[PDB]
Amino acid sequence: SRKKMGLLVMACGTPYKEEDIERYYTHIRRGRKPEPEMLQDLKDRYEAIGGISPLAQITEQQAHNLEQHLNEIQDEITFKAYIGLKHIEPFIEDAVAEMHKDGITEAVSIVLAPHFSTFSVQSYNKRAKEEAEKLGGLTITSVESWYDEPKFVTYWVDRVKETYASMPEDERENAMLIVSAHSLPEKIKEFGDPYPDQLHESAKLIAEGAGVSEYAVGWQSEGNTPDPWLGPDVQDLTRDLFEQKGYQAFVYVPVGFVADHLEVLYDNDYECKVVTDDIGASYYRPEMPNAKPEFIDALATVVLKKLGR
């Protein structure tokens, strides 16, 4: 007498091989194919971070581990996971169509991004519900945010504590914690979008639980459009704080991201590292959640809380 439920896990997506770069970035750029020089630059960046194929495996592993863990920790519901991506197949609509074809009538969705925004999360949930409505006979209840789930806060708190415990004593007393997420166009403010407030609260909760008194909030990985995006960018923030107070170590927590992808392995571990190397400071960036059991249990709790169980 276990009830059957779909578990729709949504994410941005990643190329599966080098020859996917063109079509992935064309989709991100709203139909504008990157010029040859940019295509070559992107290939070089992926080669520099160790290759493309490991990156797509992570979302698959997160969805699989989440399904199995959810089915182990309670006895009322049997979940089946379906992956729906924004920028490459399987797309969100493909996942909903597959759920419908398989006989799913009830689903719960979650986006692998802990902060709500009108640009990403709300768009993903709207797409999923609209496909379900067009097909009929299937309903979806959607997680909207989960940055404040205690288990997730604790993941990052314990990683930050481990990092501060490892540094030399002079660094430990003169370090700066930078907490960041993916930048979005500033115009989201016109809708009252809580995304910036939620990033600031994540930073408060992590710094507080870790006992870190000196921290700052920044943004990273902005796209390219004429209208402004949320700032300051982590590169400028790092340099400005160093000019202000001479910090000897910077610790980066990209809380908006859940996996080892280009926006962390390159935009932090390279682009921020260039700045810290130039100023003479040490660089630290603790492990991303990926598919680790502590993170999977946090996500399972988010899902069961959403269902009132």
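Quick note: we count residues from 1 along the sequence shown, nothing fancier.
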Assert higher mean C-alpha B factor (298-306 or 1-9, deposited values) equals 1-9
So which stretch wins on mean C-alpha B-factor, 239-247 or 265-273?
239-247
Out of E106, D170, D233, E76, whose C-alpha atom has the biggest B factor in the entry?
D170
Going by the entry, which of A113, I178, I206, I140 has the most elevated CA B factor?
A113
So, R32's CA B-factor, relative to its chain, sits in which third? The middle
Would you mind checking where the Cα B-factor of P150 ranks among the modelled residues of its chain, as the lowest, middle or highest third?
middle
Of the three thirds of Cα B-factor ranks in this chain, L66 occupies the lowest
Would you mind checking where the Cα B-factor of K134 ranks among the modelled residues of its chain, as the lowest, middle or highest third?
highest
Binned into thirds over the chain's modelled residues, the C-alpha B-factor of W229 lands in the highest
